[PDB]
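Student: Here is my input, please return the structure:
(chains A, B, C and D)
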Amino acid sequence: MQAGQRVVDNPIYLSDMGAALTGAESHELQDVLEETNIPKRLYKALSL
Amino acid sequence: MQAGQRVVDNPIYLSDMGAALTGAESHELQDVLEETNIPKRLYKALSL
Amino acid sequence: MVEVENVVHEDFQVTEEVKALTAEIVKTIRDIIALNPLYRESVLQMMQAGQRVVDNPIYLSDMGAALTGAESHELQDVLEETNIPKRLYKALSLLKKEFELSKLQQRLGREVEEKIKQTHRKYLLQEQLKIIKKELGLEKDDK
Amino acid sequence: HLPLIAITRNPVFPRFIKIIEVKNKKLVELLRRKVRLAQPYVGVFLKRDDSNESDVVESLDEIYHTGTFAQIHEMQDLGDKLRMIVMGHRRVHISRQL
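Tutor: Numbers count the residues shown, from 1 in each chain, chains lettered A, B, ... in the order given. Below, you will see the structure:
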């Protein structure tokens, strides 16, 4: 799933799959899912 | 796709595929397209 | 030093069937880079004749003729030619001229190696014959 | 009532599978506007002498009167962002393409 094929009709799902590789504790995962805005969860993911 | 199988139910399509091998410029093909009668295009194709 | 861009490049208005010789030039280049790989073959995939990105055909013909190993003099000779089919004819001639030598070297290598194989394979057969004939009987029971 | 497609040195003989990879990125906008439609399709024409990208969009007589409608197979976009597949399926001579 690369970014140059433009076949990622739902980017949010690919970003979630990429965030799945993170080793953060389960609590962190729940907290990141609770976030509603898109840049908030993305920034939290980047900081984590 | 052989002629001995009698599976060429639409000969015009096979003839067009065979006429595509000719190296005449595209314009010439358009000139061949102007022809409505079948022997006219067949004779022009043979000449080509 | 005085210079002027006297780059003559006449070409027929009808440009449909005029690129077919180019098609043969790229087919010979594909056969030269497939049978005699010099450079990577990805560059041939980058610059194709079907993309309609060949804004400068003279440059494309020169880049295709550059893979030939013909001496520099020949390149100068191709530049001396003014007509477009003459240079295309010369570029193809350069390609075929290299191609014959390449094919000779390749055939010779596979042939010579197969001769080595027929050498050692017959020696393997002779070794099997000995081993199978040596261990049949009691072998040195004269005394 | 769609803009003409930019063949860009790609002859599409009738009943002869062909691929089109235009360098311009404006035709992909037309490719994304047709995805919500139920049936996916594209039309095919041929360009006349002296190809010119400004003439394909400026006048509509340049293109020859014959045309070939066909159905889309599948998009790939391996290298470029405009990798459409074309086919010569249904030949047609539109009464007036303009």
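Student: Isn't residue D:9 up against residue D:53?
Tutor: No - here residue D:9 lies out of contact with residue D:53, judged by C-beta atoms under 8 Å, at a distance of 11.4 Å. Any C-beta I mention is one placed from the backbone N, CA and C, and that applies to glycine too.
Student: These two: which is more packed in?
Tutor: The residue with more neighbours, out of residue D:9 and residue D:53, is residue D:9; 16 against 13, by other C-beta atoms under 10 Å in any protein chain shown.
Student: Kindly indicate whether that one is helix, strand or coil.
Tutor: coil (DSSP: H, G, I helix; E, B strand; the rest coil).
Student: ok, for it, nearest residue in space, not its chain neighbours?
Tutor: Distances taken as C-beta to C-beta, 6 or more residues apart in numbering or on different chains put residue C:52 closest to residue D:9, at 2.8 Å, once the chain neighbours are dropped.
Student: Name the residue of chain D with the shortest distance to chain A.
Tutor: Distance from chain A to each residue of chain D (C-beta to the nearest C-beta) is smallest for residue D:77, at 5.5 Å.
Student: what's the neighbour count on that residue?
Tutor: The burial count for residue D:77: 16, using other C-beta under 10 Å.
Student: Can you say which helix or strand has it in it?
Tutor: Using DSSP states H and E, residue D:77 sits in no helix or strand.
Student: That one contacts residue A:2, correct?
Tutor: No - Residue D:77 is beyond contact range of residue A:2, at 10.3 Å (criterion: C-beta under 8 Å).
Student: number of nearby residues for residue 31?
Tutor: In the absence of a named chain, chain A is used. Residue A:31 has 14 nearby residues by other C-beta under 10 Å.
Student: try again with chain D
Tutor: Considering only other C-beta under 10 Å, residue D:31 is surrounded by 17 other residues.
Student: how about the one residue sitting closest to the centre of chain A, secondary structure?
Tutor: Residue closest to the average C-alpha location in chain A (C-alpha atoms, centre = their mean): residue A:16, at 3.7 Å. Of the three states, residue A:16 takes helix according to three-state DSSP.
Student: Chain D against chain B: which residues are in contact?
Tutor: D:11, D:13-16, D:46, D:48-49, D:64, D:66, D:88, D:91 (C-beta under 8 Å from any C-beta of the partner chain).
Student: mind checking which helix or strand residue A:42 is in?
Tutor: Per DSSP H and E, the secondary structure element for residue A:42 is helix A:38-47.
Student: Grab the longest strand from chain D for me.
Tutor: Determined from DSSP state E, the single longest strand within chain D is strand D:66-71.
Student: Give me the sheet partners of it and which way each runs.
Tutor: strand D:41-42 (antiparallel), strand D:90-93 (antiparallel) (DSSP bridges).
Student: Could you give the separation of the last one from the chain centroid?
Tutor: Read that as strand D:90-93. Distance of strand D:90-93 from the chain centroid (C-alpha atoms, centre = their mean, to the nearest Å) equals 14 Å.
Student: Quick one: list the elements packing against the helix or strand that contains residue D:85.
Tutor: Here residue D:85 sits within strand D:84-86, counting by DSSP H and E. Secondary-structure packing of strand D:84-86 (3 or more C-beta pairs under 8 Å, 6 or more residues apart in numbering or on different chains; DSSP states H and E): strand D:18-20.
Student: Which elements pack onto the strand it packs on?
Tutor: Counting by 3+ C-beta pairs under 8 Å, 6+ apart, strand D:18-20 packs on strand D:84-86.
Student: So which residues on chain D come close to chain A?
Tutor: Residues of chain D lying near chain A (C-beta under 8 Å from any C-beta): D:77-78, D:81.
Student: Which single residue in chain D comes nearest to chain C?
Tutor: For chain D, C-beta to the nearest C-beta, closest residue to chain C: residue D:9, 2.8 Å.
Student: ok, that residue - contacts?
Tutor: C:50-52, D:51 (C-beta atoms under 8 Å, 6 or more residues apart in numbering or on different chains).
Student: Now chain D against chain B: closest residue?
Tutor: Among all residues of chain D, residue D:13 sits closest to chain B, at 3.6 Å; criterion: C-beta to the nearest C-beta.
Student: unless I'm mixing things up, that residue is touching residue B:18, no?
Tutor: No - using C-beta under 8 Å, residue D:13 makes no contact with residue B:18, being 10.0 Å away.
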